[PDB]
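Coordinate analysis (summary)
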Amino acid sequence: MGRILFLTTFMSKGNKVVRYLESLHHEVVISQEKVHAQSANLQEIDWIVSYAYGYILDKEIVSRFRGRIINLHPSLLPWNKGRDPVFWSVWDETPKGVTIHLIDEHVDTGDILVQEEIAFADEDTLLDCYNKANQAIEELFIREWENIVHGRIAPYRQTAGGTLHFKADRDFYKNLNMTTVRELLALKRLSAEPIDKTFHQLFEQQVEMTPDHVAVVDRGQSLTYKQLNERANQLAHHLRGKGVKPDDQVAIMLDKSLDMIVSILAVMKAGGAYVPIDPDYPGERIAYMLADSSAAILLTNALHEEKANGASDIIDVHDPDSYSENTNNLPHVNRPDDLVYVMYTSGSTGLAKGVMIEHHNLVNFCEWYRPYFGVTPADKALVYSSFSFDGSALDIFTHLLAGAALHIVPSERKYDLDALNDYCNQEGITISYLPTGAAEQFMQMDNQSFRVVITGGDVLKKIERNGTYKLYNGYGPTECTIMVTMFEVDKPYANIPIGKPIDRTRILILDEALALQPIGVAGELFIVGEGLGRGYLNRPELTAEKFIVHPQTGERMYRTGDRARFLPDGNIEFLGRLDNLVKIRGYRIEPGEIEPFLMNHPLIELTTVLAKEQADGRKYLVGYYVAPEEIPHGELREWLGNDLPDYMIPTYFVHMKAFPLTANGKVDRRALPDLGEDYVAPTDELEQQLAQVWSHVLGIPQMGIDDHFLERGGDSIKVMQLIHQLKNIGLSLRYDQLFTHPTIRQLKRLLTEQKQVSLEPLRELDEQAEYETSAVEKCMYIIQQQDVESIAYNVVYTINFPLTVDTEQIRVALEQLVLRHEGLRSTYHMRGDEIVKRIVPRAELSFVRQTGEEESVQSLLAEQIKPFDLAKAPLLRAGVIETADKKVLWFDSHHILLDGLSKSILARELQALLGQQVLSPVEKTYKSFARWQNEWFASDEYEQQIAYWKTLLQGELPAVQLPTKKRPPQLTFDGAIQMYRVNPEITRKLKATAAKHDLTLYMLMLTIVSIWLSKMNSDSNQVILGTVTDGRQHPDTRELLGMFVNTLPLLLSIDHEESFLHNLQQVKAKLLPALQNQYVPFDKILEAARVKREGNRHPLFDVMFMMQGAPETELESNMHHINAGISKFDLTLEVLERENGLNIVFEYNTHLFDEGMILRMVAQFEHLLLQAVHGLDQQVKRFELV
Ligand SMILES: Nc1ncnc2c1ncn2[C@@H]1O[C@H](COP(=O)(O)CP(=O)(O)OP(=O)(O)O)[C@@H](O)[C@H]1O
Ligand SMILES: *P(=O)(O)OCC(C)(C)[C@@H](O)C(=O)NCCC(=O)NCCNC(C)=O
Ligand SMILES: CC(C)[C@H](N)C(=O)O
């Protein structure tokens, strides 16, 4: 007995505890709003129970309810006070539990009533942890409420300690809610957070260690560490006497030589930063670098003095008057934050940018380099790269701090890989950095000298090399000091990783909102740590855009513009530039993904795929490959056709003896040479007549005669369009005939007779008070009347919009769609015998506006999912839930109106309206199709279709009996969901395999499902499973809203003695007749099998398999189907094509399968699918489930 005030997040939050309190005869008042000190909520209140409440109570209310305010907080206080306690308990690795406590003047600090610990498994997602913690604290309350009111609980004080978090603290981590505990802590180690020496301080130290060792070697001219230091001191004294101060730039224009090394060190010791200028650069680049730089002094000699055009003061390094007699180390004037050098990135003059690197950047890299590669003074290093390229900083600075010797590559032998190898073998060169392009050609040479070869700068593809040296792949932008990650290439990889970060460096993968990405999810690569340079010279606005302060973490980081993702082992995978993404026939492609498939060819050693644009603007791919002899164009398409769909196969192929290289040793992509070769223009009146129809169905211009219909985007839907468009020219073609003759050259043989030319449009009906319903509408109506409160046939979708979209523009667009489509203004009524349809001229759309937290969205949607009265229009409800970061549009509909294709139409028209576009009126109406089809049921064509099912469904029908629990006594619909993602690479292989063997992706997946079912049913030779078709019988219905879908049983045979490919063809043979006779209402198919809708099982099949194609619009691709805890069948498998992969959803009945069984079945499906794709000619009996 009492009166309790329940303050919680939303209406249904804490259902169990309210029901328990009410069962004890307490009166509960639920509220989520703020409580005023004087209000109706407060008067006559015994207890106040709060659970995830969103507001703080006034000091006066906490006073008037001393010892009467109980709070349910899902953490082990004092750990994780405040917001998101479960998440922070996992991320911070704190003790875990739930606490019921009193509310005091000080928040989340009142005396504990009861506390208990809780455990989270490694494989649980953060969402499961959240729900588990809530369940535990609610059960704890129910268990102890009696021992609270009666006073059996003695409160005790919280210990001082723990943690605290606020609302916005979680913003950076918003993408992590579906990641497991193990995966979250792995990410934490990779994401969560001193040098006080300059480089010349470290070099001067290295000299005192090895003063007599060789430092530099140039054509028999030698210089020891002590000689090098003294000469540098001589020039440095003079330079500082000329006014060299810290952060001052000094230009150097010299050829690789002893003087270059002496000049670089002299500028450091003097106190300034050097700006290297390669004398071999074009004149305009030299002039640009000298102008953009603030250097007033230039070190050069006579041969290059003229190239400067007298732009600054010149100091001749050959003149003895530039060297002071003093050879003593200068006194230090440099801080580690002072510039050490400035190097320019690629680009035209004015675009190219000067990158400012600081002493501490360089020291950090050199200290990591020496131990990582084990550099001892006995090592011989090569100075290969131009000294205007930061690859030379690697060559020079890392080895001078390890006592090793630098060897000045002689000009006549850098671009001759053969002589270079000879110089390295003869001289004993052990370590060197070679850019990717040059390194891949150096691998051919027989070398015995090198211990380690480091490459980088471009995508490394070849690793087969003659030699015993270790191969390393390094990555990094000039902006972050040479390299930030390193990887030891140990074996072949389709994509060679770029490795793990170096000392005091972290790599973050962020999304477009700068939010952390889970491990394995691709995003933009950001860099944090000691490698970040100062920025771009004379360019503060560009610096602020690329060197950002993160708005949540406050940390400084560099936006690289590269795409990448972490691998499970901590290594990183480069995925290309974010700009190089090009679209071809409506597919976002990374051309780099095609190359490794050309590499696998036995006769190809190097390859590079590019994107180009014709004068028209059309995109098209070209493939360059290196091989001894030219490979036929056809043999290449067939080779690539094993793993890639046609849109990723280059239109052209170019054979070359070798790739040209740039100065920096990268492949010169701009220097490669500049309707495909397999086109066979039509030469016939019929040939040309079909090449035009195919072009319109496939949406491709200038179609050829040897072009395979499926390889170029054809599917079941587009095969229907082809047939109906050939009936437009009196040419009759059947469904199965297209798959035997999938090209115009072959198909033309069967198109001679020009009869059966019946052009019949769908006819509009005269106005009537009432209209006839279709066959499927009658079935749906009768089902709904069996339980009018059931939501099992509601259809719920959501769409995430940005906060910048206007809620009211969305409402208006939906209201216009109610006006556009009579389906949204249709009602259903039972007039004695018949089920009848009425149409209203106008209908009012229910549109609800709400606000809430992201964590509450699904709970708020579930409260809105209610039955539809089929006699009332519109059969659609909608609303918008605004959170802190987005607006979630939801709409609920009934299956009698919205089917799969109807959703696609609704999404396309909604996208147009939000874009301020005008739509042409809808020409046909569903009610006219219903009258046309009801009459078609009296024709002879219908008699023949039903005759197919009478024959097939006679007698012995297989019984697929999966291992379940004891079935309930009647039909249940309680369901849950599990998901399996097939990545793009495997999805492409599946797609390529299907087309190559005259199969659709659907036929290929249906066969895998059938083998899967068979394996679970004691390798049964036959299986039965349902599927669905769009059911758009009349071609004038493809833009209407309504229910057209028809259900079909499939009797399939699996021959475990035959190969996968053989079973694939046998599934096609059984599917096509079923599609040819698909237009019989499912109720008549149940008659033909003498089965009725009764019992605890669904009549003909327990397993349903359905599949949808890729989305037609950006909006549709952002639509998510929400399951309301319903399972129409024992088990449904749905395959959706999303983001170049397959999302496979297993919807199952919870009374028949528990989570343990489903998790095993999903694991077995994946394993079976991977064996199939890789084992086409393998016998099915050799595929195993575990
Ligand atoms: N191992 C590696 N693998 C793949 N790409 C790499 C790589 N190492 C470096 N890169 C790429 O090269 C870029 C940095 O090259 P930098 O020389 O520092 C500027 P750049 O000279 O203007 O390059 P550019 O001429 O290719 O445009 C990186 O962003 C990355 O895209
Ligand atoms: P082909 O490419 O082998 O496809 C065969 C199908 C799938 C039978 C094809 O004819 C077809 O009917 N595609 C549309 C199927 C469809 O509508 N799936 C979604 C139905 N789902 C809902 C919720 O309505
Ligand atoms: C090693 C260095 C040259 C770096 N990888 C770059 O490409 O700029």
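Residues numbered from 1 in each chain as written, not as in the entry; some residues may be left out. Chains lettered and ligands numbered in written order. Heavy atoms only, no water. Residues with missing side-chain atoms left out of burial classes, pairs and counts.

1. A look at the overall build of the chain
Heads up, the condition is: The numbering of helices and of strands both runs from the N terminus, where a helix is a DSSP run of H or I of at least 4 residues and a strand a run of E of at least 2.
Along the backbone of the chain there are 34 helices and 48 strands. C-alpha atoms of the chain, sized along the principal axes, occupy 120 × 95 × 55 Å.

2. Let's talk about helix α24 (residues 807–820)
Quick reminder of the rule: Every helix has an expected span of 1.5 Å times one less than the residues it contains. Between buried and exposed lies partly exposed: a residue is buried under 20% and exposed over 50% of the maximum accessible area for its type, with that area taken using a 1.4 Å probe on protein chains only. Directions drawn from the helix axis to the C-beta atoms are what define this arc. Note on contacts: a residue pair is in contact if any heavy atoms of the two residues lie within 4.5 Å.
Between its first and last C-alpha atoms α24 spans 20 Å; for 14 residues at 1.5 Å apiece the expected length is 20 Å, and the two agree. Buried within α24 are the following residues: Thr807, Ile810, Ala813, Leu814, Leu817, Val818 and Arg820. All buried residues of α24 fall inside an arc of 160° around its axis, so they share one side. Packing partners of the buried residues in α24 comprise β36 (794–801), β39 (846–851), β40 (876–882), β41 (887–894) and α26 (900–914).

3. Here's the deal with the sheet that holds strand β37 (residues 826–831)
Filter applied, for reference: When DSSP finds two or more bridges between two strands, those strands count as paired. Under this scheme, a helix contributes an axis fitted over its contacting stretch, all axes are lines through C-alpha atoms, and angles between N-to-C directions fall in the 0 to 180 degree range.
Pairing is antiparallel in the open sheet, where 3 strands are placed in the order β35-β38-β37. Of all strands in the sheet, those bounded by a partner on one side alone are β35 (771–772) and β37. Alignment of β37 against strand β38 (residues 834–839), held across 6 bridges, turns out to be antiparallel. Paired with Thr827 across the strands is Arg838, a residue of β38. Lying on the sheet, helix α23 (residues 775–786) is in contact with β37 and β38; it crosses β37 at an angle near 75°.

4. Description of the domain arrangement of the chain
Put simply, the rule is: The source of the domain bounds is an automatic or database domain assignment. A carboxyl oxygen of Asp or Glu within 4 Å of a side-chain nitrogen of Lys or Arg is what we treat as a salt bridge. Whenever a nitrogen or oxygen atom comes within 3.5 Å of another N or O atom, the pair is scored as a polar contact, on the condition that within protein one atom can donate a hydrogen and the other can accept it, and that pairs from neighbouring residues in sequence are kept only if both atoms are in side chains. Each residue receives one of three labels: charged for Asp, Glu, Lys and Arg, nonpolar for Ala, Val, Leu, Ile, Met, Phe, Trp, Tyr, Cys and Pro, and polar for the others, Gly being one of them.
One can read the domain layout of the chain as domain 1 (3–191) and domain 2 (771–930). Each of domain 1 and domain 2 was reduced to a C-alpha centroid, and the two centroids are 37 Å apart. In this structure, the connection of domain 1 to domain 2 is made through 0 salt bridges. Taken together, domain 1 and domain 2 are joined by 1 residue pair in polar contact. Class assignment of the residues belonging to the side of domain 1 that touches domain 2 gives a composition of 4 nonpolar, 3 polar and 3 charged.

5. What about the side chain of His399?
Position of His399 relative to the elements: it lies in helix α13 (residues 391–400). Here the side chain of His399 touches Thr398 through a polar contact of 3.3 Å, side chain to side chain. Those residues in contact with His399, other than ones at most four positions away along the chain, are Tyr225, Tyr369, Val375, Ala381, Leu394, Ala404, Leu406 and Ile431.

6. Notes on the site of ligand 1
Note the threshold: Here a residue counts as near a molecule or strand whenever at least one of its heavy atoms sits within 4 Å of it. In these tables, accessible area is a Shrake-Rupley quantity obtained with a 1.4 Å probe, and a residue counts as shielded only by the protein chains included in the view.
Close to ligand 1 lie 16 residues, the nearest being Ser346, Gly457, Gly474, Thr478 and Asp562. Within the side chain of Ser346, one N or O atom sits 2.9 Å away from an oxygen atom of ligand 1. Within the side chain of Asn473, one N or O atom sits 3.2 Å away from a nitrogen atom of ligand 1. Relative to its unbound accessible surface of 640 Å², ligand 1 loses 76% to contact with the protein. Looking at the shell around ligand 1, the elements with two or more residues in it are β21 (470–475) and β29 (572–577).

7. A few points about helix α30 (residues 1001–1016)
Between its terminal C-alpha atoms α30 stretches 23 Å, which fits the 22 Å expected from 16 residues at 1.5 Å a residue. With 16 of its 16 residues buried, α30 lies for the most part within the structure. One or two residues past the end of α30 sits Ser1018, with phi positive at roughly 65°.

8. Brief notes about the packing of helix α1 (residues 15–23) against helix α4 (residues 126–144)
Formally: Angle categories are assigned with fixed cut-offs, so that under 35 degrees is roughly parallel, over 145 is roughly antiparallel, 65 to 115 is roughly perpendicular, and the rest are oblique.
Closest axis-to-axis distance for the α1/α4 pair is 9 Å, and the angle between their directions is 10°. As judged from the angle between their axes, α1 and α4 are roughly parallel. In this structure, α1 uses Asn15, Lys16, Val17, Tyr20 and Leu21 to contact α4, whose residues at the interface are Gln135, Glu138, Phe141 and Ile142.

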